[PDB]
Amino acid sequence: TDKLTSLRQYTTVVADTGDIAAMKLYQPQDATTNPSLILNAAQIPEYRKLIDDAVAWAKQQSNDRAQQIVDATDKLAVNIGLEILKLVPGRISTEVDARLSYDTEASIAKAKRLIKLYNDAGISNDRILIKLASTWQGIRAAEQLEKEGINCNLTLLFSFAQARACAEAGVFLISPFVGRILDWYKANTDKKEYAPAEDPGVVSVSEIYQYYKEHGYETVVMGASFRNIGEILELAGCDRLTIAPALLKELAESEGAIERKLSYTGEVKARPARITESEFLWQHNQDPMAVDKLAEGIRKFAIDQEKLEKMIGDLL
């Protein structure tokens, strides 16, 4: 068979895009979006109706333009998620405003608002994952949300400290990045080419996976952000992997079966004491790449959020 089909034997395939066409072509179990993907999706002509529906709905909720822009922007993200849920049997990941990444309370409120919108459309919590940046504040928010029946997807995960903090908070799933880790090493280091097995991002995710399984953590490990299929294959065996359509297509067009790379066959070990904020901050900042990438990812997502609001604003 083809690589994609072979991959499904060991790993749950997830589509990383807000474009419904990809859902139809690859039949992923879940789908993930983020502020950038939503902004891109909004440019798709067929999605126009979704935007119009968002705006119309907003104006019916209040006569305050400020509120309308926010309502419209959230409704749009949810609307896109609604379309996707019609094509996937699993969950859709919708990200909270990244501008709230360092505010636990604002993040919890925003997460609940999105959940409210989904529920308003008849969708239950088991079909949604609220996505938040893995800052200490986002993790603290997630821990609270999970307790309230809201499952979260902790993204922009770069350092081991972030990985550990997430596992200890009992979050439903984490999206440790692979590609962006490689990017940082390509830009801030001598080595520009890496074999799959030595890819910093692959190593990162593999160590996270082993740590999670070794300690019996139930948190789903979903590798995200890919630069080539080599990284994907090297991670065959990971719980789930959310892949962009371009790479999904590459896997489907490549013949050949693949072997499982990630496994933990030992017995579960005792979990250590929980890491505190001070230790988390110390350890996270010991990692130059993680320091840069986490902050940068949040900035970019925030900008895309504003660009979306700009667009919506011109339609009110």
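Numbers for residues come from their place in the sequence shown, where the first is 1.
Note on 288 to 296 vs 21 to 29: mean CA B-factor is higher in 21 to 29.
The PDB entry reports B-factors from which the mean C-alpha value can be compared for 247 to 255 and 33 to 41; the larger average falls on 247 to 255. Per the deposited coordinates, the residue with the largest Cα temperature factor out of 166, 235, 121, 150 is 121.
Among the modelled residues of its chain, residue 306 has a C-alpha B-factor that falls in the highest third according to the deposited record. Per-chain ranking of the deposited C-alpha B factor places residue 62 in the highest third. Among the modelled residues of the chain, residue 131 sits in the lowest third by CA temperature factor in this PDB entry. Per-chain ranking of the deposited C-alpha B factor places residue 69 in the highest third. Among the modelled residues of its chain, residue 204 has a C-alpha B-factor that falls in the middle third according to the deposited record.
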